[PDB]
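The block underneath contains the structure these notes are about, expressed in C-alpha cells.
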There are 2 protein chains.
Amino acid sequence: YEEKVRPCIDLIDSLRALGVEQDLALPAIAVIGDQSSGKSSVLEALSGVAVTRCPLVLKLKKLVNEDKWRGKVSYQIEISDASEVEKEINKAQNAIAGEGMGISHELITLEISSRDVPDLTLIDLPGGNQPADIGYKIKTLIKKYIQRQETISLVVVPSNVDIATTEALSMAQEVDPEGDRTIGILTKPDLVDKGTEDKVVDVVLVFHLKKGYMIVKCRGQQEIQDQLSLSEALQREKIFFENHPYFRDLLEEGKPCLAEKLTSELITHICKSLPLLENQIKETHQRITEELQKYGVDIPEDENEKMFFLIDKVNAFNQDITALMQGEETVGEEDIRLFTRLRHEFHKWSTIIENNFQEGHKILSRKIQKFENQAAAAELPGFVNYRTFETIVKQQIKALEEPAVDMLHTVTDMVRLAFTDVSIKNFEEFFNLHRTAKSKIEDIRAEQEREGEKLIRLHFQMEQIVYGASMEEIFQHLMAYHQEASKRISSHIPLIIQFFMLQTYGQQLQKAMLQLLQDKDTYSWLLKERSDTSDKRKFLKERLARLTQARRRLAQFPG
Amino acid sequence: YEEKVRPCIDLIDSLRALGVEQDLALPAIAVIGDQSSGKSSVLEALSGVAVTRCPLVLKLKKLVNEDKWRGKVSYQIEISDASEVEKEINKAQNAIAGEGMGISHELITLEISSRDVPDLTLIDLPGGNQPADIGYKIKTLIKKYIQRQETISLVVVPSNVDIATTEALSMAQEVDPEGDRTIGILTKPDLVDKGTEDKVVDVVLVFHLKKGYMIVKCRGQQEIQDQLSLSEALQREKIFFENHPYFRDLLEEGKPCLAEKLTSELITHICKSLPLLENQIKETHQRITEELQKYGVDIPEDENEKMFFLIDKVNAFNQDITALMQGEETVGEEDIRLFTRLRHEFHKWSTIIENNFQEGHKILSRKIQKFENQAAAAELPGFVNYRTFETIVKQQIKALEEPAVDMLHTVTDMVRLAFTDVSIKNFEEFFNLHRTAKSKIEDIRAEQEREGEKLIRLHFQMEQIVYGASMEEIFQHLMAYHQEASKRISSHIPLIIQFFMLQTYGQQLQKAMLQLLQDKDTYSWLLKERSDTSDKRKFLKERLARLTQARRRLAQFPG
C-alpha cells in the first residue's frame with residue numbers, strides 16, 4: 001500500500017511536468033496565501049533552502065542514499081547548496097519576469113533530494129491605488145486553478161486573525177460551496193497573545209473540514225540574516241507546544257509533521273480522481289482523432305518523396321479533365337454532363353439553321369415571283385443579273401457567319417467554367433496550384449478560341465466564293481444549293497467547335513499541367529496551404545501526441 | 001509630144017534616186033565597156049567636165065538660163081567649175097572605196113545643168129593572175145543590171161577590132177538572145193588604119209539592131225594634160241567625117257549628135273515599159289499589204305500613250321483567267337472545259353470514298369463476327385477494348401488522308417497548266433511578259449497549295465479526334481458514323497480544293513498581274529518582241545512607204 005501510493009503521485013508529477021497539463025480535471029496540491037500569510041515560512045521549513053513569479057512545482061522525497069542533491073528546470077545541478085537553491089529563482093523568474101516585479105502563467109519545476117525532506121508534491125503561488133496590475137494578476141491566478149473539482153486548496157493565516165474572514169476563506173467561498181476540499185494551516189503561534197487569551201482559536205470550527213487543519217510555527221520571524229538551522233528550528237519549535245495549557249493538549253489531534261499528514265492526503269486524492277480520469281481521456285482520444293481522419297495526409301520532405309505527391313495531383317486533375325471530353329464524368333443527381341449540355345446547343349444550332357432554311361426559301365420564292373412579273377421588256381438577253389438571283393442564296397448563309405462565332409463563344413464559356421470548376425473542386429487548397437492552373441485554363445482559351453474562330457469565319461468564305469459548282473426548275477436547282485449548303489454548316493461548325501474548344505483545349509491543358517513537373521523549388525511553393533488547414537491541424541497533431549502519451553502511462557500504471 | 005517626153009524620164013529619174021530602185025522591171029540607160037573601150041571618152045564629151053567605183057547616175061539637161069551649174073549627192077554646189085566636178089569622184093568613191101581601188105553596189109547621183117549639155121539620163125560603170133578580186137567584182141555588176149527585160153545595154157569598142165568578139169558582144173550574148181535591145185558606139189575613128197583599108201567596118205552588120213549604131217571620135221587620146229576644149233574638140237571632129245570616102249557618106253545615117261539619137265530612145269523606151277509597170281506595182285501593194293494586216297499593230301511612245309496598251313493586255317489575260325474559274329471559257333470542238341474536267345475527278349473522288357465505304361463496312365462486319373465468337377471468358381466487363389472497335393472505323397477514314405492530298409495535287413496540276421496555256425496563247429510575244437507571268441503562275445501555286453494542303457490534312461485530324469459525339473445495333477450506330485463521316489469528306493475536300501486551287505489562285509494571279517502596272521521603266525522592258533516579229537515587219541513597213549510613193553507619182557504622171 002505504501003510503496004505504490006508514493007510513485008503513485010510520481011506518475012501524475014511526470015504527467016504534468018512533461019504534460020499535457022492543459023485540459024485537466026487534474027488534481028495536485030496548490031498552495032495559496034497573501035504576502036503576510038506566512039505560507040513561505042512553511043515552505044522554508046519544508047525545503048530547508050528557502051522571488052515568486054509563477055507556480056512552483058515543489059517536488060521532494062526521501063530516499064536513503066547520500067547528502068541530498070538540488071535540482072530544477074526553467075524552460076522545457078547537484079552542488080548540495082541550499083544557498084544556491086534559492087539564488088536561481090530570482091534569476092530564472094526574472095527571465096520571464098524581465099527584472100521587474102512581474103508575473104507569468106508559465107511554470108518552473110523544482111525537485112529536491114534528501115533523507116530529511118518529506119516526500120510530496122506542491123505548487124506554491126505569489127503573495128493602495130488604482131489601477132493595480134500585479135495585485136490583480138495574482139488574485140486572478142489562484143482563481144484559475146481552484147475552479148476545478150479535483151484541484152485542492154491550501155490557505156495560510158495566523159492563529160489570531162479573523163478566522164471567519166481570513167483572506168483565504170473569501171477565496172474558498174468564491175469557488176467552493178462543497179466546503180469539503182479545503183485544508184488550512186496556522187502559523188507563528190508564538191506571536192499569538194500568549195495563548196488563547198481573548199481569542200479561543202482551537203481552529204485545529206468556523207467551517208467543518210474533510211481532512212482538517214494543523215498549527216505549526218515559524219519560531220522568530222526576525223532572524224532575517226540570523227540563519228537558525230532548518231532541522232533545529234523545527235525540532236526546537238517542538239518544545240513550544242509542550243508548555244501552553246491550550247496548544248499542548250492537541251498534540252494528539254493537530255501538530256514538521258505536516259509531511260505525514262499531507263503526503264497522505266495527496267496520495268489518497270489521486271486514486272479518488274483516477275476513476276473517471278481514464279474514461280474521459282481514453283474517450284477524449286476517439287473524439288480528437290476523428291477530426292484528423294477528416295483531412296491532413298501531410299506533405300512529404302524528400303526531394304524524391306516530395307515529387308510523387310504532385311505527380312499524384314497533376315495526374316488526377318487531368319483524369320477529371322479527360323472525363324469531360326470523354327463525356328464520361330461524375331455528375332450529380334438531376335444534373336447534366338458537359339458533353340450532354342453541348343449537344344443541346346448543337347441541336348439548337350441546327351434548328352437555327354433550319355429557321356434560315358424556310359426563312360430564306362420563302363423570301364427567295366417570293367423575290368422571284370414578284371421581280372419575275374416585272375418582265376415588261378423585249379425578249380432579250382436578260383434577266384436582272386441572275387448571278388444576282390444566285391447571290392440572294394448566299395445572303396442567307398453569309399447571315400449565319402456571326403451566329404456561328406456566337407455559338408463558339410457560349411461553348412468556350414461552358415468549357416471554360418467546366419475546366420475551372422474542376423480546378424476549384426480539386427485544388428481548394430494549394431492556392432498557388434489553383435492559380436497556376438487558372439493561367440493555363442483561361443490562358444489557353446485565348447489560343448484555342450482565336451485559332452478556332454478563324455476556321456469558322458474562313459469556312460464561310462469558301463461557301464461564298466465557291467459558286468455552283470426551265471423557269472421553275474431554277475428554284476429547285478438554287479434550292480438544292482441551300483438545301484446542301486446548310487447541311488455542311490450544321491455539321492461543320494460543331495465539329496470545328498467541339499474540336500478546338502473541348503478536345504484540343506483539354507489535351508493542351510493536361511499537358512500544361514504536366515509541365516509543372518520540371519523544377520525543384522516549385523514544389524515547396526506549389527504545395528502551400530491556408531493556415532486554416534496548416535495551423536489548425538498542426539495544433540491538432542500536437543495534442544494527439546501529448547494526449548496519447550497520457551493514455552499509455554495511465555494504462556501502464558502499475559497500480 | 002516633146003515637152004512631156006522629157007520630164008517623162010524626169011519622173012523615172014526621181015523615182016530611182018529617191019527610190020525604191022529595188023524590185024524593178026525598171027528600165028534606164030546603163031553604159032558598159034572595158035578599160036580600153038574608150039567609153040569614158042564619150043562621157044567626157046557629154047559632160048565637158050571629165051575614178052569609177054560604182055554606178056553613176058549621169059543626169060543632164062538643157063534649160064536656157066545661165067552659165068550652167070554642177071550638182072551631185074554622195075549619201076542619201078553651183079561653182080561653175082568643171083575641174084571640181086571630177087575632183088569629187090576620187091574622194092566620194094574612196095569614201096565607200098577606202099582609198100584603194102575598190103568597188104561598191106551603192107550609187108552616187110551626178111546631175112549637171114547647161115545650155116550646151118544634151119538632156120538625158122545614163123548610168124556608167126567601171127572598167128593577169130589568180131585569184132582576181134576587182135576584175136571579177138566588175139564583170140559581175142554588169143550581169144546584175146542587164147539581166148532584166150526592160151534594162152538596156154550600151155557597149156563601147158573601137159572601129160577596128162574583132163566586131164564579132166568585141167568584149168561587149170560576149171556580155172550581150174550571155175544575157176541577150178533577143179538581140180533587139182542593144183545599142184553600140186565606135187570610138188576614135190582616126191586611130192583606124194587610115195580608113196576601112198583591110199577592115200570594111202561600116203558597123204553603123206554582125207548583128208542587126210532595133211535602134212542602130214553611131215561612130216563618134218575622141219580626136220587625139222594623147223592630150224592627157226593638153227586640155228583641148230569640150231565644145232571645140234567635138235565641133236572640130238566634125239571635119240574628120242568630112243574627108244574619108246567611107247566614114248563620110250554615112251553622115252545621113254550614122255553620126256556630139258548621140259544626144260538627139262540617144263535621148264530619143266530613152267524616152268521612147270519608158271512609155272514601152274510603163275504599161276505593165278502600173279499593173280504589177282499597184283498590184284504588188286495588195287500582196288504586200290495583206291501580210292501586215294496579219295499582225296503589227298505597233299507599240300506606242302507616250303509615257304501615257306504607252307501604258308494604256310499594257311492595261312489592255314493585263315486586263316485581257318485576266319479576262320481569260322476569270323473565264324476558267326467562271327467555268328465559262330472558250331473550248332475547242334470535241335474538247336473539255338477546265339471546270340468540266342474537274343467535276344469528273346471530283347466525282348471520282350466520291351467514288352474512291354464509296355469504295356472505302358463498302359470496303360470498310362465488310363471488313364468491319366467481318367472483324368466483329370469473328371472476334372465476337374472468341375467469347376471464351378466469364379461474363380465480365382469486356383469486351384476487347386470497344387474504343388478498339390470504334391478505332392477500326394477511323395482506320396478506314398484515316399486512310400483517305402493521303403488520297404486527298406493526291407487529288408489536290410493532280411488538280412493544281414490541271415489549273416497550273418490551264419493558267420499557263422492561257423499565258424502562252426496570249427503572250428507568245430512579249431517573252432519578258434510571259435516570263436514575269438510564269439513566276440506568278442508557278443509562284444502562287446506554292447502558296448495556295450502549301451496552305452491548301454494544311455486544311456485537308458488538318459481536317460482529317462478533326463475526324464480522328466472527335467469521337468461520337470444491342471450487339472447488332474452497334475453495327476448500325478458505328479456504321480452511321482462512317483455513313484456520315486464519308487459524306488463530309490466527299491463534299492469538303494473538293495470545296496477546300498476548288499477554293500484554294502481554282503478560285504483563290506486566280507484572284508491572286510490576276511491581282512499579281514495588275515501590280516505590274518506601277519513603274520515607268522518596266523513598260524519598255526515588258527514590251528519587247530522577238531526580232532522575227534520586229535525585224536520582219538520593220539522591213540515590211542519600209543517597203544510599203546517607198547512602194548506607195550511610187551503608185552502615187554505613177555498615177556500622178558501627167559502623161
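Residue numbering restarts at 1 in every chain; chains get A, B, ... in the order shown in the C-alpha cells, and ligands count up from 1 in that same order.
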
Secondary structure check, strand (DSSP E or B) residues of stretch 1-121 of chain B, as a VMD selection string | chain B and resid 29 to 30 56 to 62 70 to 72 108 to 114 120 to 121

Closest-contact table, chain B side, partner chain A, 8 Å, counting only C-alpha atoms, as a tab-separated table:
```
residue	atom	partner	partner_atom	distance
B:462	CA	A:499	CA	6.2
B:465	CA	A:499	CA	7.4
B:466	CA	A:499	CA	6.3
B:488	CA	A:488	CA	7.0
B:495	CA	A:462	CA	7.2
B:496	CA	A:462	CA	7.4
B:498	CA	A:466	CA	7.4
B:499	CA	A:462	CA	6.2
B:503	CA	A:465	CA	7.4
```

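Among the candidate residues A:489, A:510, A:188, A:211, the one lying nearest to residue A:320 is A:510, with distances computed using only C-alpha atoms.
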
task = Name the residues in contact with stretch 261-274 of chain B at a cut-off of 10 Å, using only C-alpha atoms, excluding same-chain residues fewer than 3 positions from it; report them as a ChimeraX atom specification.
result = /B:2,4-10,12,25-29,118-122,149-152,183,211-214,254-258,277-279,554,559

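Residues within 12 Å of residue B:511, counting only C-alpha atoms and excluding same-chain residues fewer than 3 positions away, are residues 314, 315, 317, 318, 319, 321, 322, 437, 440, 441, 444, 504, 505, 506, 507, 508, 514, 515, 516 and 517 of chain B.
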
Could the residues in this selection be written to a file with N, CA, C and O atoms, as a short mmCIF file (atom, residue, chain, number, x, y, z; two decimals), in the first residue's frame?
```
data_model
loop_
_atom_site.label_atom_id
_atom_site.label_comp_id
_atom_site.auth_asym_id
_atom_site.auth_seq_id
_atom_site.Cartn_x
_atom_site.Cartn_y
_atom_site.Cartn_z
N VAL B 314 -2.79 43.06 -119.73
CA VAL B 314 -3.00 42.65 -118.34
C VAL B 314 -4.45 42.37 -118.13
O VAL B 314 -4.80 41.40 -117.51
N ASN B 315 -5.30 43.24 -118.66
CA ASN B 315 -6.76 43.13 -118.44
C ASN B 315 -7.37 41.89 -119.10
O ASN B 315 -8.12 41.13 -118.44
N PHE B 317 -5.75 39.11 -120.41
CA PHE B 317 -5.22 37.91 -119.71
C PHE B 317 -6.18 37.49 -118.62
O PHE B 317 -6.72 36.39 -118.62
N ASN B 318 -6.41 38.41 -117.71
CA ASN B 318 -7.22 38.13 -116.56
C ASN B 318 -8.63 37.67 -117.03
O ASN B 318 -9.21 36.72 -116.44
N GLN B 319 -9.15 38.33 -118.08
CA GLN B 319 -10.49 38.04 -118.53
C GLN B 319 -10.53 36.54 -118.65
O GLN B 319 -11.41 35.89 -118.11
N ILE B 321 -8.54 34.24 -117.53
CA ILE B 321 -8.37 33.60 -116.25
C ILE B 321 -9.74 33.52 -115.59
O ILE B 321 -10.18 32.49 -115.14
N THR B 322 -10.44 34.61 -115.55
CA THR B 322 -11.72 34.57 -114.93
C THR B 322 -12.59 33.50 -115.57
O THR B 322 -13.31 32.77 -114.92
N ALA B 437 4.93 36.53 -115.92
CA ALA B 437 3.73 35.78 -115.63
C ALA B 437 4.16 34.47 -115.04
O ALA B 437 3.81 34.19 -113.92
N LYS B 440 4.67 34.33 -111.52
CA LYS B 440 3.47 34.44 -110.75
C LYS B 440 2.72 33.14 -110.84
O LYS B 440 2.27 32.62 -109.86
N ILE B 441 2.63 32.59 -112.02
CA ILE B 441 1.72 31.47 -112.22
C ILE B 441 2.18 30.30 -111.36
O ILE B 441 1.43 29.75 -110.59
N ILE B 444 2.66 31.13 -107.31
CA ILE B 444 1.48 31.15 -106.45
C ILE B 444 1.07 29.80 -106.03
O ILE B 444 0.68 29.60 -104.90
N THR B 504 -9.05 30.90 -105.53
CA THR B 504 -8.13 31.79 -104.81
C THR B 504 -6.92 32.10 -105.73
O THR B 504 -6.58 33.27 -105.96
N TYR B 505 -6.35 31.04 -106.29
CA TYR B 505 -5.21 31.12 -107.22
C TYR B 505 -5.41 32.23 -108.24
O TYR B 505 -4.53 33.04 -108.51
N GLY B 506 -6.60 32.25 -108.79
CA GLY B 506 -6.96 33.18 -109.88
C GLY B 506 -7.01 34.64 -109.48
O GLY B 506 -6.36 35.48 -110.07
N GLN B 507 -7.81 34.91 -108.47
CA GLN B 507 -8.00 36.25 -107.98
C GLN B 507 -6.63 36.75 -107.60
O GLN B 507 -6.29 37.89 -107.75
N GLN B 508 -5.82 35.82 -107.13
CA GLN B 508 -4.47 36.13 -106.72
C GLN B 508 -3.59 36.36 -107.92
O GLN B 508 -2.81 37.28 -107.92
N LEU B 514 -1.87 42.66 -112.30
CA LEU B 514 -2.17 44.10 -112.28
C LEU B 514 -1.01 44.95 -111.70
O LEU B 514 -0.65 46.02 -112.26
N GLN B 515 -0.42 44.42 -110.62
CA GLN B 515 0.73 45.04 -109.93
C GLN B 515 1.90 45.37 -110.78
O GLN B 515 2.82 46.06 -110.35
N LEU B 516 1.87 44.86 -111.99
CA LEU B 516 2.91 45.15 -112.91
C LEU B 516 2.88 46.64 -113.04
O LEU B 516 3.91 47.31 -113.09
N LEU B 517 1.67 47.14 -113.01
CA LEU B 517 1.44 48.47 -113.54
C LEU B 517 1.84 49.68 -112.69
O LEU B 517 1.13 50.68 -112.62
#
```

Contact residues around stretch 360-377 of chain B with only C-alpha atoms at 10 Å, ignoring same-chain residues under 4 positions, as a ChimeraX atom specification: /B:354-356,382-384,389-390,392-397,471-472,475,478-479,482-483

How would the residues just chosen look if you wrote them out with N, CA and C atoms as a PDB file, in the first residue's frame?
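result-v3.pdb written:
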```
ATOM      1  N   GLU B 354     -16.593   5.993-101.836  1.00  0.00           N
ATOM      2  CA  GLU B 354     -17.580   4.941-101.802  1.00  0.00           C
ATOM      3  C   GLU B 354     -16.913   3.547-101.680  1.00  0.00           C
ATOM      4  N   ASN B 355     -15.810   3.393-102.395  1.00  0.00           N
ATOM      5  CA  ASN B 355     -15.058   2.151-102.373  1.00  0.00           C
ATOM      6  C   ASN B 355     -14.714   1.811-100.973  1.00  0.00           C
ATOM      7  N   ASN B 356     -14.079   2.751-100.299  1.00  0.00           N
ATOM      8  CA  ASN B 356     -13.713   2.581 -98.907  1.00  0.00           C
ATOM      9  C   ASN B 356     -14.940   2.276 -98.047  1.00  0.00           C
ATOM     10  N   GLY B 382     -15.591  -6.794 -70.077  1.00  0.00           N
ATOM     11  CA  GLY B 382     -15.339  -6.849 -71.507  1.00  0.00           C
ATOM     12  C   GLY B 382     -15.328  -5.533 -72.265  1.00  0.00           C
ATOM     13  N   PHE B 383     -15.345  -5.578 -73.603  1.00  0.00           N
ATOM     14  CA  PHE B 383     -15.224  -6.801 -74.417  1.00  0.00           C
ATOM     15  C   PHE B 383     -14.263  -6.444 -75.549  1.00  0.00           C
ATOM     16  N   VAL B 384     -12.978  -6.591 -75.246  1.00  0.00           N
ATOM     17  CA  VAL B 384     -11.861  -6.369 -76.189  1.00  0.00           C
ATOM     18  C   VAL B 384     -11.491  -4.892 -76.491  1.00  0.00           C
ATOM     19  N   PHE B 389     -12.853  -1.177 -81.070  1.00  0.00           N
ATOM     20  CA  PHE B 389     -13.798  -1.464 -82.175  1.00  0.00           C
ATOM     21  C   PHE B 389     -14.114  -0.191 -82.945  1.00  0.00           C
ATOM     22  N   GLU B 390     -14.298   0.876 -82.188  1.00  0.00           N
ATOM     23  CA  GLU B 390     -14.517   2.212 -82.733  1.00  0.00           C
ATOM     24  C   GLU B 390     -13.340   2.677 -83.593  1.00  0.00           C
ATOM     25  N   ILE B 392     -11.375   0.925 -85.340  1.00  0.00           N
ATOM     26  CA  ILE B 392     -11.471   0.212 -86.633  1.00  0.00           C
ATOM     27  C   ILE B 392     -12.178   1.077 -87.713  1.00  0.00           C
ATOM     28  N   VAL B 393     -13.082   1.956 -87.267  1.00  0.00           N
ATOM     29  CA  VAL B 393     -13.796   2.885 -88.177  1.00  0.00           C
ATOM     30  C   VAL B 393     -12.843   3.901 -88.737  1.00  0.00           C
ATOM     31  N   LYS B 394     -12.226   4.620 -87.807  1.00  0.00           N
ATOM     32  CA  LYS B 394     -11.309   5.705 -88.116  1.00  0.00           C
ATOM     33  C   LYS B 394     -10.252   5.219 -89.107  1.00  0.00           C
ATOM     34  N   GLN B 395      -9.715   4.037 -88.818  1.00  0.00           N
ATOM     35  CA  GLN B 395      -8.678   3.389 -89.632  1.00  0.00           C
ATOM     36  C   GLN B 395      -8.927   3.595 -91.122  1.00  0.00           C
ATOM     37  N   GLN B 396     -10.180   3.396 -91.520  1.00  0.00           N
ATOM     38  CA  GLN B 396     -10.601   3.491 -92.933  1.00  0.00           C
ATOM     39  C   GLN B 396     -10.543   4.894 -93.442  1.00  0.00           C
ATOM     40  N   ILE B 397     -11.012   5.799 -92.610  1.00  0.00           N
ATOM     41  CA  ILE B 397     -11.024   7.211 -92.955  1.00  0.00           C
ATOM     42  C   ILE B 397      -9.614   7.761 -93.039  1.00  0.00           C
ATOM     43  N   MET B 471     -26.173  -5.984 -79.456  1.00  0.00           N
ATOM     44  CA  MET B 471     -24.909  -6.435 -80.061  1.00  0.00           C
ATOM     45  C   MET B 471     -24.828  -6.105 -81.547  1.00  0.00           C
ATOM     46  N   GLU B 472     -25.974  -6.156 -82.216  1.00  0.00           N
ATOM     47  CA  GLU B 472     -26.093  -5.870 -83.658  1.00  0.00           C
ATOM     48  C   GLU B 472     -26.386  -4.401 -83.934  1.00  0.00           C
ATOM     49  N   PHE B 475     -23.381  -2.145 -84.839  1.00  0.00           N
ATOM     50  CA  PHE B 475     -23.020  -2.078 -86.239  1.00  0.00           C
ATOM     51  C   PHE B 475     -23.613  -0.827 -86.841  1.00  0.00           C
ATOM     52  N   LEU B 478     -22.281   2.383 -85.367  1.00  0.00           N
ATOM     53  CA  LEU B 478     -20.888   2.604 -85.761  1.00  0.00           C
ATOM     54  C   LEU B 478     -20.795   2.817 -87.251  1.00  0.00           C
ATOM     55  N   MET B 479     -21.761   2.257 -87.955  1.00  0.00           N
ATOM     56  CA  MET B 479     -21.844   2.422 -89.394  1.00  0.00           C
ATOM     57  C   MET B 479     -22.336   3.815 -89.764  1.00  0.00           C
ATOM     58  N   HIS B 482     -19.615   6.118 -90.065  1.00  0.00           N
ATOM     59  CA  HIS B 482     -18.870   6.008 -91.314  1.00  0.00           C
ATOM     60  C   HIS B 482     -19.746   6.446 -92.465  1.00  0.00           C
ATOM     61  N   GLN B 483     -21.000   6.028 -92.422  1.00  0.00           N
ATOM     62  CA  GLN B 483     -22.002   6.530 -93.356  1.00  0.00           C
ATOM     63  C   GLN B 483     -21.896   8.050 -93.376  1.00  0.00           C
TER      64      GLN B 483
END
```

| query | Which of stretch 305-419 of chain A counts as helix (DSSP H, G or I) under DSSP, as an MDAnalysis selection string please? | reply | chainID A and resid 305:325 338:374 387:419

Residue neighbourhood stretch 407-417 of chain A, 9 Å, only C-alpha atoms, exclusion window fewer than 4 positions, as a PyMOL selection string:
chain A and resi 324+338+341-342+345-346+349+402-403+421-422+441-442+445+449+452-453+493-494+496-498+501-502+505

Saved selection, atoms kept: C-alpha atoms, as a short mmCIF file (atom, residue, chain, number, x, y, z; two decimals), in the first residue's frame:
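Dumped everything to again29.cif:
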```cif
data_model
loop_
_atom_site.label_atom_id
_atom_site.label_comp_id
_atom_site.auth_asym_id
_atom_site.auth_seq_id
_atom_site.Cartn_x
_atom_site.Cartn_y
_atom_site.Cartn_z
CA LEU A 324 -15.28 15.79 -69.56
CA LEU A 338 -20.86 18.76 -70.09
CA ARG A 341 -25.29 20.14 -72.44
CA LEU A 342 -23.45 20.69 -75.64
CA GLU A 345 -26.73 23.80 -78.20
CA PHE A 346 -25.57 21.85 -81.12
CA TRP A 349 -27.63 25.41 -83.86
CA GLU A 402 -21.98 35.72 -86.97
CA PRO A 403 -24.38 33.23 -85.23
CA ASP A 421 -14.82 24.16 -61.54
CA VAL A 422 -12.70 21.05 -61.91
CA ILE A 441 -7.13 27.33 -68.02
CA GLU A 442 -8.03 30.86 -69.12
CA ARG A 445 -8.90 29.57 -74.33
CA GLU A 449 -10.58 30.31 -79.37
CA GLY A 452 -10.80 28.38 -83.52
CA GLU A 453 -12.72 31.36 -84.80
CA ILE A 493 -19.34 24.33 -87.20
CA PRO A 494 -19.98 21.90 -84.43
CA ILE A 496 -14.68 22.79 -85.66
CA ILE A 497 -16.01 23.92 -82.32
CA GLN A 498 -16.06 20.66 -80.46
CA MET A 501 -12.80 24.01 -77.56
CA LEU A 502 -13.30 20.65 -75.97
CA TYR A 505 -8.21 22.65 -75.09
#
```

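As for atom CA of residue B:158 and atom CA of residue B:90, they are spaced 26.8 Å apart.
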